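One chain comes next, on its own, written out as structure tokens in the form deposited in one PDB entry.
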């Protein structure tokens, strides 16, 4: 019942709508312009042909490493615990497995996001750091950095 699809100018508004509802932090027009330029690093998740989730990633060059950073990976609350998040994460893991040049995958979550910690830790991710005041106008502002070594 869950299918992933490409992010295009035809459905980019549906992606902005999902991110607005799922994530307390707002993203600028440049974030969404860049999402159309990353290819397989951005997908929509459909539950019975309804768009209910999305994943947006970018390549990062930090720590003298080639890393895949997950900017947003989310699902609408009533559709949670159905495997949508797993479908999106396995897609990113598969891309990295086939690419073979990424050293690690990493992301940021609020320290209060127990469901996100639980989800990522099931895939081999570890909390490698806790960054104080990472988020600016929301509480908690502190964020864990979750990373999976490849």
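Residue numbers count along the first chain shown, from 1.
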Q. On average, which has the higher Cα B-factor in the deposited entry, 83 to 91 or 97 to 105?
A. 97 to 105
Q. Between 70, 38, 116, 45, where does the Cα B-factor run highest in the record?
A. 38
Q) So where's residue 4 on the chain's Cα temperature factor ranking, which third? A) lowest
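The same protein has a further form, the form deposited with a partner chain bound, not shown here; the description that follows concerns it.
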Q: Quick one: from 32, 47, 119, 102, grab the residue that has a heavy atom within 4.5 Å of its partner chain in the deposited bound form.
A: 47
Q. Are all three of 14, 18 and 76 close to its partner chain in the deposited bound form, meaning a heavy atom of each within 4.5 Å?
A. yes
Q. Applying a 4.5 Å heavy atom distance criterion, does residue 10 contact its partner chain in the deposited bound form?
A. yes
Q) Taking 4.5 angstroms as the cut-off for heavy atoms, does residue 95 touch its partner chain in the deposited bound form? A) no
Q. Within a 4.5 Å heavy atom cut-off, is residue 89 in contact with its partner chain in the deposited bound form?
A. no
(Q) Since only the chain is shown here, I'm wondering whether residue 82 would be in contact with its partner chain in the deposited bound form (any heavy atom pair within 4.5 Å). (A) yes
